[PDB]
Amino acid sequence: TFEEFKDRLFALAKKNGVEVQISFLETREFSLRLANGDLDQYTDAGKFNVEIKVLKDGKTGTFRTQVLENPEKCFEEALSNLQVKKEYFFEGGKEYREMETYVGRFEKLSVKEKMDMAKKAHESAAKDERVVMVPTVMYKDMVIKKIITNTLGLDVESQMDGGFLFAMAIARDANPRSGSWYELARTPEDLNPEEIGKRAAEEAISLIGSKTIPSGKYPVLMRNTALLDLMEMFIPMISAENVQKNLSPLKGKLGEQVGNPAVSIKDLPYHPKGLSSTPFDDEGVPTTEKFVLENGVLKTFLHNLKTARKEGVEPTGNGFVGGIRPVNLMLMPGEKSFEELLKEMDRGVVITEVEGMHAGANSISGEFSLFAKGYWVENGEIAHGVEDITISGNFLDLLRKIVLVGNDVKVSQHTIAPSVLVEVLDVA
């Protein structure tokens, strides 16, 4: 019936002098959460969405359905929405990068094995007597099948799978200390439950005996885990749409030195542990690899079909539902390990986590003011954890002050990064 449904819709399109595009998304997911060791919550669900979009004289009309029925009613509904107020569809015939986004191994696990992974993460997080509790362990896996096809010959399909295991531990102290760790994986074999729980505990324990420090300007070694979150505020800035709308602090900066020469940031279609990796965007445009910053120089914005057509450039393959975005946004590593970065910094702050991005990070101005966790370093060694600190600045100035980049690359949902050394940052 997907073929039949497609066929009926394409025949209707031709009959009515419009183009039609059909986007199909089918997902299967399993998740579970332990709360202080007890399995308190899980989901096992399958989902299915079909979007029907009709294009006439550059205007679109769109109807979304979770049922593959009544194509003519669906079509007539989309057609009627053409009046709700330029646009175009992507044609068939392009080449797409081949990528191993679907492995098929998470699907083979029994639910007992998934539970046993989560319980093992809990057990490792709980082992040390200094851990007072383990408020959360979370497991998730997902399989997703995407199809986009239209009357201009587009016909593309991709499947992706992957999973995530996360643990958070609390260590005993004057103020309780929290720690967490996660791994993203394409296959279950790449999740190490025991190591994940052990790291969450190590994280928490290392903050025991934290002290606050005087407000001031310090050199900051921002660990990968903090930078992976912070980098997300760069994503709206590099949308060509946000630039056009006067909602980006990068307008007029193409070709300028926005970052330190040490800093290159790429949009990558694929990374083995980047679970958003995909060969095409939601307009069916092949995803592309490129520098956004190349040795600190801003090379391009990211586009959808509308902004590319408007700005006279080639589509870049970044037109996703919800906004123009990178697939994997990666800060390119340099050659120093974390330990080498500590040594080079010699005296300063290490920031390992940031919190409150939603309230605290302004992508229009670049300004941020964020609660943070970290350590004091003297003589190239962590001396003690740092309590109750806030960091603030402008993300673009941060980019300017990255003087050294590590080789300890970590992957998150949409960002990938090593640790960096920032010349100086405002700490409160």
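The first residue of the sequence shown is number 1, and the count goes up from there.
- In the deposited sequence, the stretch from residue 358 to residue 359 has no residues without coordinates, so the chain runs on without a break.
- Mean C-alpha B-factor is higher over 242-250 than over the other stretch, the pair under comparison being 242-250 and 278-286.
- The question of which stretch, 151-159 or 254-262, has the higher mean Cα B factor is settled in favour of 254-262.
- Comparing the listed residues 402, 34, 54, 382, the entry records the largest Cα B-factor for 382.
- The entry lists C-alpha B-factors for 297, 121, 184, 170, and the highest of these is at 184.
- Ranked by Cα temperature factor within the chain, residue 375 sits in the middle third according to the deposited record.
- Per the PDB record, residue ranking by Cα B-factor puts residue 396 in the middle third of the chain.
- Sort the chain's modelled residues by C-alpha temperature factor and residue 47 lands in the highest third, per the entry.
- When the CA B factors of the chain's modelled residues are split into thirds, the value for residue 348 lands in the lowest one.
- Residue-level temperature factors show residue 229 in the highest third of its chain, judged at the C-alpha atom.
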